[PDB]
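If you read the protein sequences in the order shown, they are chains A and B.
Position one of the first sequence corresponds to residue 181 (the entry's author numbering), numbered consecutively onward.
Position one of the second sequence corresponds to residue 181 (the entry's author numbering), numbered consecutively onward.
Protein chains: 2
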Amino acid sequence: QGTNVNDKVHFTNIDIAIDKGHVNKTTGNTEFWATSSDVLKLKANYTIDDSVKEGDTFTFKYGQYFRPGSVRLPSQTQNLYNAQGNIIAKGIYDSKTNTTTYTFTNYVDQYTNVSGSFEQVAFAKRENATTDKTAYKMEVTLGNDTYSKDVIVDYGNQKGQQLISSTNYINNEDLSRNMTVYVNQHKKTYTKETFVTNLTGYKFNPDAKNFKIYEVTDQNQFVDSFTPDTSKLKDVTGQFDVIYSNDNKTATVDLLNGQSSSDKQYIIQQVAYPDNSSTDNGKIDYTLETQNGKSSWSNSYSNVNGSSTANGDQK
Amino acid sequence: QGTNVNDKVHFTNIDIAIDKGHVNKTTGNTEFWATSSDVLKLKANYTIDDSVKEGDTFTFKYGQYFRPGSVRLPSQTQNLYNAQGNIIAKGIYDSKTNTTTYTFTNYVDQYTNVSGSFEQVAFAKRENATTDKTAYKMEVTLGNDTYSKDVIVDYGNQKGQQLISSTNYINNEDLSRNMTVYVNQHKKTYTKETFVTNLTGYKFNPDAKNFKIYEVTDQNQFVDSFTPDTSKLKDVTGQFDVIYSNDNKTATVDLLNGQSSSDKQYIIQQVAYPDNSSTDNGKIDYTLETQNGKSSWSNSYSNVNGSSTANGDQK
Ligand SMILES: [Mg+2]
Ligand SMILES: [Mg+2]
Numbered sequence: 181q182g183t184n185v186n187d188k189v190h191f192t193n194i195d196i197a198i199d200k201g202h203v204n205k206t207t208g209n210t211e212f213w214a215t216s217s218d219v220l221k222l223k224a225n226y227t228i229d230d231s232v233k234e235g236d237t238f239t240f241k242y243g244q245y246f247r248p249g250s251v252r253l254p255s256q257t258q259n260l261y262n263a264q265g266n267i268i269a270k271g272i273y274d275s276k277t278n279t280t281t282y283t284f285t286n287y288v289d290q291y292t293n294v295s296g297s298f299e300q301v302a303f304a305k306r307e308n309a310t311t312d313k314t315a316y317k318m319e320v321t322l323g324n325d326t327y328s329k330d331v332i333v334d335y336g337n338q339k340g341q342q343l344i345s346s347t348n349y350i351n352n353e354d355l356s357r358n359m360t361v362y363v364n365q366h367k368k369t370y371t372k373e374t375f376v377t378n379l380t381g382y383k384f385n386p387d388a389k390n391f392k393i394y395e396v397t398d399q400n401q402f403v404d405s406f407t408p409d410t411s412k413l414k415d416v417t418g419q420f421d422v423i424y425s426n427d428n429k430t431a432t433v434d435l436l437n438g439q440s441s442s443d444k445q446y447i448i449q450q451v452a453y454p455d456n457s458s459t460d461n462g463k464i465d466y467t468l469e470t471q472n473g474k475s476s477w478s479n480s481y482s483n484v485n486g487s488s489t490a491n492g493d494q495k
Numbered sequence: 181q182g183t184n185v186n187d188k189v190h191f192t193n194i195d196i197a198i199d200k201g202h203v204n205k206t207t208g209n210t211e212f213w214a215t216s217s218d219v220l221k222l223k224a225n226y227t228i229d230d231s232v233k234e235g236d237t238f239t240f241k242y243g244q245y246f247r248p249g250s251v252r253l254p255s256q257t258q259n260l261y262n263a264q265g266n267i268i269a270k271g272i273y274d275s276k277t278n279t280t281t282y283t284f285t286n287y288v289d290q291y292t293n294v295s296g297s298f299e300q301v302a303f304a305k306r307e308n309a310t311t312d313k314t315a316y317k318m319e320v321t322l323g324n325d326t327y328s329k330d331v332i333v334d335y336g337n338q339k340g341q342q343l344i345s346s347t348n349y350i351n352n353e354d355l356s357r358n359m360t361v362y363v364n365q366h367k368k369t370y371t372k373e374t375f376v377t378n379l380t381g382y383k384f385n386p387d388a389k390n391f392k393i394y395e396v397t398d399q400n401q402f403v404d405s406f407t408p409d410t411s412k413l414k415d416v417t418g419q420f421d422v423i424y425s426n427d428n429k430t431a432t433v434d435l436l437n438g439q440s441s442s443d444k445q446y447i448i449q450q451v452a453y454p455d456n457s458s459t460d461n462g463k464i465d466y467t468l469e470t471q472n473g474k475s476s477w478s479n480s481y482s483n484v485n486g487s488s489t490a491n492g493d494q495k
């Protein structure tokens, strides 16, 4: 009962593809533009040996640079279906081990000569696949069958920009946007440095204590993937006053923080929660006001479903 | 009751954008590649005059070349929401008049100073926006506020191909693929002409009488949009023998049809139904076997969700 049957579930035609992929003007390669709506697609065929029984298990093990999901983190639930639309294997995905463990239903005792296929949306493990225009080996083991493919990733980090942001990830359970903002990558000096975030369709939760400010101590902390390793970083959150306003849709912080000038470099992380469950569409707008003027970077969320919103004053 | 309040619902910042759009390498323009996953996005802000009351109506009227929806036809249901996630206007889209009529709830009596916005996925009206690399004026009237934007469409009709297919539309209610296949656009002569369709993840319904063969009598009838006008066409369906096999996943037709040779040109339409409701992913493969060898064209469906299937022999 619970027997591991990795050796009895046989995968063929394993493939990782970039969907849709962006062709690099100069090199001619198709790349994975992770911040331009590309995803990875993992596909395979499989057969199940007849001796497999109800409750037998098998695993999908994903590698260092590869995981299921998209910008949105994968569900803990991962199921496989039959052509009738019924679940035949119930899977639990563990992020810590980057592994899904599937358990067969009674389908495998009710049916013989089973063959199937799947297609799964997949992505870079951003905390490891860190750097723009760099090939990373995307690896997976389905049962005991291994496959790998090199994928060139680009996240578009423009290291000359004084303000640049990206979605780090979307939470699968609450659809919150988990943001990463890079301030001062090019190491200028400022004598005014007001950082404002304005949310459309989202709100901050100040009580959740998830607006975090890290002082960079090494340029290589700014990973191109916008998924820095917050355990390497200097947390200075408590030194700053983050002021909320506009129904928790605006956050303002004086990054000078009582100094007359600063050449400090920052990684800022934030969590923005959709207004309601009818949509997660919206926009997050960043501005940085310095002595030289204002820089801006925005992040828009517009799905293929459409949406609408409205507000008014109750009488 | 039921007062038309088009004059009392005011739209601003109306926009139609191509999402994502494709840049034409030669011309430099951003184009709507309708068969390469682009859609249109209609956006606007609005305000509601306070005198509007429950049951008051307003329209969105779409133009000759523009409609809501995507490759998938729009729902008859079109709602507007507030930031709490509640419906504030219940809409009915009529394809015949290309108009949505919205009815306000009691939100517009219980609230004052209402403003809002929407974002709607939209598309070409393919029966009218027929031709590749052609600008079509995409027009809409929201209330009494009109807007238009020229959009260059491309469907990728390669007129030199002896066989080419496209999705005409996806049915919104049953997710069927409604396909258009062009045979012999360049008008060659054949002495073998076997046309086969193979479905993966879909089945034909032979009983439904929706596999149609039209004999082209004017090159113009091949519209690049793959949405020909079947009223201008010569229906020859009943002359041909369409042979179903492989669990209604394969259809085979001898297009020579008892002649020794043929230079006829054909438009073929078909309807392919998903195996189940858990997904509509899958593929349709077409081949044409002539004296010269075999031509093939395929259409794949791979959503951002993932899917899986399987089949076996019930014990
Ligand atoms: Mg068995
Ligand atoms: Mg009113």
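Each residue gets a CB set at the ideal place from its N, CA and C atoms; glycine is no exception.
Inter-stretch contact (C-beta, 8 Å, three-pair minimum) for the stretch 281–299 of chain A and the stretch 206–218 of chain A: No, the stretch 281–299 of chain A does not touch the stretch 206–218 of chain A.
Every unbroken beta strand (DSSP E) within the stretch 453–485 of chain A, with a cutoff of 3 residues, ordered by chain: Listed in chain order, the beta strand (DSSP E) runs fully inside the stretch 453–485 of chain A are 462–470 and 473–481, counting runs of at least 3 residues.
Per-residue burial, residue 257 (chain B) [other beta carbons within 10 Å of its own, 16 or more giving buried]: Result: exposed.
Residue nearest to residue 332 (chain B) in terms of C-alpha spacing, selected from B:469, B:470, B:493 and B:202: Checked all of B:469, B:470, B:493 and B:202; the closest Cα to residue 332 (chain B) is B:202.
Three-state secondary structure assigned by DSSP to residue 388 (chain B): In the structure shown, the three-state DSSP call for residue 388 (chain B) is helix.
Segment contact flag, the stretch 426–446 of chain B with the stretch 338–352 of chain B, C-beta cutoff 8 Å, min 3 pairs: With fewer than three CB-CB distances shorter than 8 Å, the stretch 426–446 of chain B does not count as touching the stretch 338–352 of chain B.
Those residues, in chain order, that have a beta-carbon closer than 5 Å to some heavy atom of ligand 2: Those residues that have a beta carbon less than 5 Å away from any non-hydrogen atom of ligand 2 are, in order along the chain, B:230, B:232 and B:288.
For residue 466 (chain A), the nearest candidate out of A:452, A:456 and A:458 (CA to CA): The candidate whose alpha carbon is nearest that of residue 466 (chain A) is A:452.
Neighbourhood of residue 187 (chain B) by C-beta distance below 8 Å, restricted to the same chain and skipping five residues each side: Hits under 8 Å: 323 and 324.
Runs of beta strand (DSSP E) wholly within the stretch 253–282 of chain B (minimum 3 residues, chain order): If one requires a minimum length of 3 residues, the beta strand (DSSP E) runs lying completely within the stretch 253–282 of chain B are 257–261 and 267–274, in chain order.
Bridge-paired residues (DSSP) for residue 247 (chain B): In DSSP, residue 247 (chain B) forms a bridge with B:303.
Residue burial classification, residue 471 (chain B) (beta-carbon count within 10 angstroms, cutoff 16): Looking at its Cβ environment, which holds fewer than 16 other Cβ atoms inside 10 Å, residue 471 (chain B) is exposed.
Residue nearest to residue 455 (chain A) in terms of C-alpha spacing, selected from B:230, B:240, B:266 and B:342: Of the listed residues, the one whose Cα sits closest to residue 455 (chain A) is B:266.
Delimiting residues of the beta strand (DSSP E) encompassing residue 316 (chain B): Unbroken beta strand (DSSP E) run through residue 316 (chain B): 314–322.
Same chain, Cβ closer than 8 Å to residue 253 (chain B), five either side skipped, listed in chain order: Correct list, in chain order: 275, 349, 350, 351 and 352.
Under 9 Å by beta carbon: chain B residues contacting residue 220 (chain A): Residues of chain B passing the Cβ test: none, with the nearest at roughly 11 Å.
Residue nearest to residue 402 (chain B) in terms of C-alpha spacing, selected from B:361, B:241 and B:262: Distances from the CA of residue 402 (chain B) to each of B:361, B:241 and B:262 were compared; the closest alpha carbon is that of B:361.
Whole-number beta carbon distance between residue 222 (chain A) and residue 303 (chain A), since they are thought to touch under 8 Å: Not confirmed; about 10 Å, so no contact.
Residues near residue 181 (chain B) by beta carbon distance below 7 Å, same chain, minus five either side: Same-chain partners within the cutoff: 235.
Any chain B beta carbon closer than 8 Å to residue 375 (chain A): It does not; no Cβ of chain B falls within 8 Å.
Among A:311, A:375, A:448 and A:301, nearest to residue 473 (chain A) - alpha-carbon criterion: Ranking A:311, A:375, A:448 and A:301 by Cα distance to residue 473 (chain A) puts A:375 first.
Status (buried if at least 16 other CB within 10 Å, exposed otherwise) for residue 301 (chain A): Residue 301 (chain A) should be labelled buried.
Top-ranked residue by Cα proximity to residue 416 (chain B), from B:268, B:394 and B:475: Closest option to residue 416 (chain B), Cα to Cα, is B:394.
Residue-chain proximity (residue 260 (chain B), chain A), Cβ-Cβ < 8 Å: Yes - at least one Cβ of chain A is within 8 Å of the one on residue 260 (chain B).
Cross-strand partners of residue 296 (chain A) (DSSP beta bridge): When DSSP reads this structure, residue 296 (chain A) sits in a beta bridge with A:226 and B:490.
Residues, ordered as in the chain, of the stretch 376–409 of chain B that lie near chain A by beta-carbon distance below 7 Å: Residues: none.
Proximal chain B residues relative to residue 354 (chain A), where beta-carbon distance stays under 7 Å: For a Cβ distance threshold of 7 Å, nothing in chain B lies close to residue 354 (chain A): the least Cβ distance comes to about 14 Å.
Which listed residue (B:419, B:196 and B:396) has its alpha carbon closest to that of residue 320 (chain B): Checking every option, the nearest Cα to that of residue 320 (chain B) belongs to B:196.
For residue 462 (chain A) and residue 381 (chain A), believed in contact at Cβ under 8 Å, the rounded distance: Separation of the CB atoms of residue 381 (chain A) and residue 462 (chain A) is rounded to 2 Å, and the pair is thereby assigned contact status at 8 Å.
As assigned by DSSP and simplified to three states, the class of residue 432 (chain A): DSSP, reduced to helix, strand and coil, places residue 432 (chain A) within a strand of the structure shown.
Residue interval of the beta strand (DSSP E) (run including residue 199 (chain A)): Taken as a continuous stretch (DSSP letters only), the beta strand (DSSP E) holding residue 199 (chain A) covers 189–199.
Bridge partners - residue 451 (chain B), DSSP secondary structure assignment: According to DSSP, residue 451 (chain B) bridges with B:358.
Residue range of the beta strand (DSSP E) that includes residue 325 (chain A): First-last of the beta strand (DSSP E) with residue 325 (chain A): 325–334.
Alpha helix (DSSP H) segment containing residue 501 (chain B), residue limits: One cannot answer for residue 501 (chain B) here, as it falls past the ends of chain B, which runs 181 to 495.
Closer than 8 Å to chain B by CB, residue 325 (chain A): No - not a single Cβ of chain B is within 8 Å of the one on residue 325 (chain A).
Cutoff 8 Å: residue 490 (chain B) Cβ touching any chain A Cβ: Contact of residue 490 (chain B) with chain A is assigned, a C-beta pair being separated by under 8 Å.
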